[PDB]
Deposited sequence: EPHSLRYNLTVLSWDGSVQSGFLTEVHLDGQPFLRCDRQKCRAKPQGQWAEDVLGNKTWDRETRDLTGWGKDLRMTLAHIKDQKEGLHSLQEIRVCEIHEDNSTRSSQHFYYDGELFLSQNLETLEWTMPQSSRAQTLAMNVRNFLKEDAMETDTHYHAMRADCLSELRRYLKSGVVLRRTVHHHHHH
């Protein structure tokens, strides 16, 4: 009876140039459920029109987020966003958002409380502040946006469980 939905979207840059498209891994109760990219979604009369629309839009957002990182244009870099929601046995919820730069976690938000966790190193702190500025100023994200992110995730989790 405890359930979880986990989205993992990755975008890449080469010599500072952000690559076309994206790659999303979705997990339902810990089991790999979908691989999605620019072209289509495929599981692991099959139609994924909701996921293709929503994940493409997120892909677009994260690509602009990576472009706004004032780091370096030498080699491969990756920005990776994880979105998680859980329904616990006692009907309570957890939900969070996590950013990874070149495999290292550097920023998290708890979507139940809207509090952010900043990293230890100054290098990671620079990345966190860059991203948080982009989200607040350029993307114009507000409390309602993050409340809505929680709700959307939970509603999707409930939708998938309702079918199978």
I have the full deposited sequence and the modelled structure. Can you tell me which residue ranges, counted from 1, have no C-alpha coordinates?
45-55, 176-188
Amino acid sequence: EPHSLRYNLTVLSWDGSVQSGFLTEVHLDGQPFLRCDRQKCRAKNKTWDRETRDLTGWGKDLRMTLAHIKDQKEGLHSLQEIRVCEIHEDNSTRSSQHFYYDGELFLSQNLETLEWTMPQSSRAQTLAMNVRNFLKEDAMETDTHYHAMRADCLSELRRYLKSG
From here on, numbers count along this sequence of modelled residues.
Segment of higher mean CA temperature factor, 52-60 or 29-37
29-37
Of 2-10 and 155-163, the stretch with the higher mean C-alpha B-factor in the deposited entry is 155-163
Of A43, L66, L107, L111, which one's C-alpha B factor is largest in the deposited record?
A43
Could you place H88 in the lowest, middle or highest third of its chain by Cα temperature factor, using the values in the record?
highest
Against its chain's modelled residues, does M118's Cα B factor rank lowest, middle or highest third?
lowest
Ranked C-alpha temperature factor of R132 among modelled chain residues, by third
middle
